[PDB]
Amino acid sequence: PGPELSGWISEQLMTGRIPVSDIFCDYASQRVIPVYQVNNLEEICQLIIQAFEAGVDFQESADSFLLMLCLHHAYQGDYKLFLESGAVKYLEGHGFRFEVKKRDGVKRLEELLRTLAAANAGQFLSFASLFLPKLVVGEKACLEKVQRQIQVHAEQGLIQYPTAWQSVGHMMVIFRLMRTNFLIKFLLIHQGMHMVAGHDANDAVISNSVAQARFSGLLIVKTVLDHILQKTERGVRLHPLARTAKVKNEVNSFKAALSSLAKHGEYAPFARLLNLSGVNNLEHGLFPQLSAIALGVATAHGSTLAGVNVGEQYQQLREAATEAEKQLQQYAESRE
């Protein structure tokens with residue numbers, strides 16, 4: 001608050017890094033989120049929804065408007081309760097700052113902040129939650145999942161959404177906003193992670209979505225862990241091929257990456273969704289030998305590991321793992 005005594009902005013402007021028009025216009029930019037305290041929360045939330053349907057890209061206003069939908073739906077308009085919640089505490093530790101802005105007598109979205117001149121919160125939020133299970137997999141996979149689940153939610157009589165929201169157009173708007181916006185992913189995941197009070201069917205949809213999104217983007221590496229873990233009489237050990245000297249570096253890196261994920265506790269299942277620290281170290285392609293061992297074990301039982309591709313350099317190890325497992329199976333079926 002005051003003058004730029006640092007000299008960073010002046011250096012940036014003088015060297016062509018920030019254009020001159022950004023300050024000399026007719027503003028230049030811990031993330032700050034204004035929390036607009038209004039009297040007609042429900043009316044404002046219906047506007048916010050109408051706006052997202054129209055395709056308004058709120059950019060820096062998205063966080064705030066998404067926050068109001070959640071605050072209305074999950075916290076019943078109780079600003080104080082919301083600002084004290086576990087969700088808000090997590091986000092403050094993650095760099096978010098919440099700043100209340102009392103705003104009386106608002107009848108247009110514009111009064112809060114265009115195309116605005118030219119379906120309840122719960123439904124909007126639950127529709128968005130459908131994107132969680134496969135958001136990180138890709139557009140095609142994600143949208144197909146959404147369409148499939150919409151089939152399921154209807155044939156079960158659970159929840160019906162405007163058919164305008166089911167166009168590829170609209171679905172891509174929500175996909176891109178989910179991809180880009182941490183707050184909405186986090187609040188939906190946080191809600192579905194916990195238990196919720198009431199009889200809103202939307203909340204059951206959200207909880208279901210969050211359940212299906214567990215380990216999303218981590219499913220392949222999880223199945224590799226499964227197939228390199230060995231169930232014995234004396235307990236569970238690491239597959240003995242994974243303890244060979246040529247695999248040692250790989251298993252060291254894996255152990256380290258796996259421990260980083262474990263430090264996120266209850267959030268770990270959503271580490272790829274929320275891009276939590278260290279999660280990029282736990283990508284299956286980084287561990288081609290463990291992957292080969294894993295696929296080897298699977299082949300001996302007639303199974304495949306979708307997403308695992310073992311190159312020729314690792315095929316001998318794959319084949320060795322299959323043979324070790326065949327030998328384990330026959331020496332266990334002998335005692336019978």
Side-chain angles (χ1 to χ4, degrees), residues 90 93-94 132-138 141-142 179 182 185-186 189 193 210-329 331-332:
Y90 183 91
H94 205 263
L132 299 168
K134 292 275 180 276
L135 186 75
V136 304
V137 167
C142 179
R179 270 295 186 98
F182 181 92
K185 287 199 295 284
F186 180 78
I189 285 170
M193 264 174 82
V210 171
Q212 287 168 3
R214 292 172 63 83
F215 299 107
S216 177
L218 292 155
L219 293 180
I220 297 160
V221 80
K222 199 168 187 292
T223 186
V224 168
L225 195 43
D226 290 353
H227 295 71
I228 70 173
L229 282 177
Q230 200 167 71
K231 267 160 67 192
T232 72
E233 188 219 290
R234 301 151 180 188
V236 185
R237 61 166 183 182
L238 182 60
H239 203 288
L241 284 172
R243 299 194 168 280
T244 56
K246 274 222 134 62
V247 187
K248 190 212 171 187
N249 290 333
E250 205 175 288
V251 61
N252 289 340
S253 269
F254 186 81
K255 190 206 290 161
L258 182 64
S259 280
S260 292
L261 178 74
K263 279 180 189 89
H264 295 289
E266 47 178 350
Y267 290 104
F270 315 103
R272 190 89 67 202
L273 271 158
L274 295 172
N275 295 281
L276 302 181
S277 67
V279 80
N280 294 338
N281 305 330
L282 200 70
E283 292 175 13
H284 67 284
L286 305 170
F287 313 105
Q289 302 174 111
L290 296 175
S291 296
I293 292 166
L295 187 52
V297 171
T299 299
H301 295 287
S303 326
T304 48
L305 299 194
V308 184
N309 292 121
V310 173
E312 290 179 6
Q313 187 84 39
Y314 302 98
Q315 190 57 221
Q316 184 94 84
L317 180 56
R318 209 280 288 134
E319 287 168 19
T322 303
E323 211 40 66
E325 190 61 10
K326 287 180 171 163
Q327 295 305 297
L328 180 75
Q329 277 178 97
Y331 284 141

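Just so it is clear, the values below take in all heavy atoms, side chains as well, and ignore hydrogens, waters and symmetry mates. Residue numbers start at 1 and run along the sequence shown.
- Atom CG of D226 is surrounded by more than 12 heavy atoms from other residues, nucleotides or ligands within 6.0 Å.
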**Study point:** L225 and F254: CA distance, side-chain angles, deciding distance, side chain to side chain contact (heavy atoms under 4.5 Å, CB included) verdict
**Key:** CA-CA 10 Å; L225 195 43; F254 186 81; 3.8 Å; yes
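- Between the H239 side chain and the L241 main chain, a donor and an acceptor come within less than 3.5 Å of each other.
- Judged by distance alone, the side chain of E250 and the main-chain N or O of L290 form a donor-acceptor pair under 3.5 Å.
- Remark: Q327 pairs with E323 by the side-chain hydrogen bond (donor to acceptor under 3.5 Å, both in side chains) rule, at least two apart or across chains.
- Side-chain atoms of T223 never come within 3.5 Å of backbone atoms of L219 as a donor-acceptor pair (strictly under, hydrogens ignored).
- Ring centers of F186 and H94: at least 6.0 Å apart, outside the cut-off.
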Exercise for review: Run the numbers on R272 and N280 for side chain to side chain contact (heavy atoms under 4.5 Å, CB included), then give the verdict.
Suggested key: CA-CA 8 Å; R272 190 89 67 202; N280 294 338; 4.3 Å; yes
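- The OH atom of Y90 lies 6.0 Å from the CG atom of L274; values are rounded to the nearest 0.5 Å.
- Here the shortest heavy-atom pairing between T322 and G296 reads OG1-O, 3.0 Å.
- For the atom pair CG of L238 and CD1 of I228, the computed distance is 5.5 Å after rounding to the nearest 0.5 Å.
- In terms of heavy-atom proximity, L132 sits nearest to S216 at O-OG, 4.1 Å.
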Practice item. Determine, stepwise, if the pair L135 / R179 fulfils side chain to side chain contact (heavy atoms under 4.5 Å, CB included). Key: CA-CA 7 Å; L135 186 75; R179 270 295 186 98; 4.1 Å; yes
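- More than 12 non-hydrogen atoms from other residues, nucleotides or ligands lie less than 6.0 angstrom from CD of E283.
- Contact between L218 and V279 at its shortest, heavy atoms only, is CD2-CG2, 4.2 Å.
- Taking 4.5 Å as the limit, some side-chain heavy atom of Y267 sits within range of a side-chain heavy atom of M193.
- Contact between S253 and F287 at its shortest, heavy atoms only, is CB-CE2, 3.7 Å.
- Between the NE2 atom in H301 and the NZ atom in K326 there is a gap of 10.5 Å [rounded to 0.5 Å].
- Side-chain atoms of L328 and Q230, non-hydrogen and from C-beta on, do get closer than 4.5 Å to each other.
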Practice item. Please report the C-alpha distance between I220 and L305 in whole Å, then the side-chain angles of each, then the deciding distance to 0.1 Å, and finally whether the side chain to side chain contact (heavy atoms under 4.5 Å, CB included) criterion is met. Key: CA-CA 8 Å; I220 297 160; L305 299 194; over 6 Å; no
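- Between the CD atom of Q313 and the CD atom of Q289 there is a distance of 9.5 Å, given to the nearest 0.5 Å.
- Atom OG in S260 sits 11.5 Å away from atom CG in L276 (nearest 0.5 Å).
- The heavy-atom pair separating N281 from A257 by the smallest distance is O-CB, 3.4 Å.
- For the pair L295/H227, no side-chain contact is recorded, criterion being any heavy-atom separation below 4.5 Å from C-beta on.
- For the pair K185 and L273, the tightest heavy-atom approach, listed with the atom from each and the gap, is CE-O, 3.0 Å.
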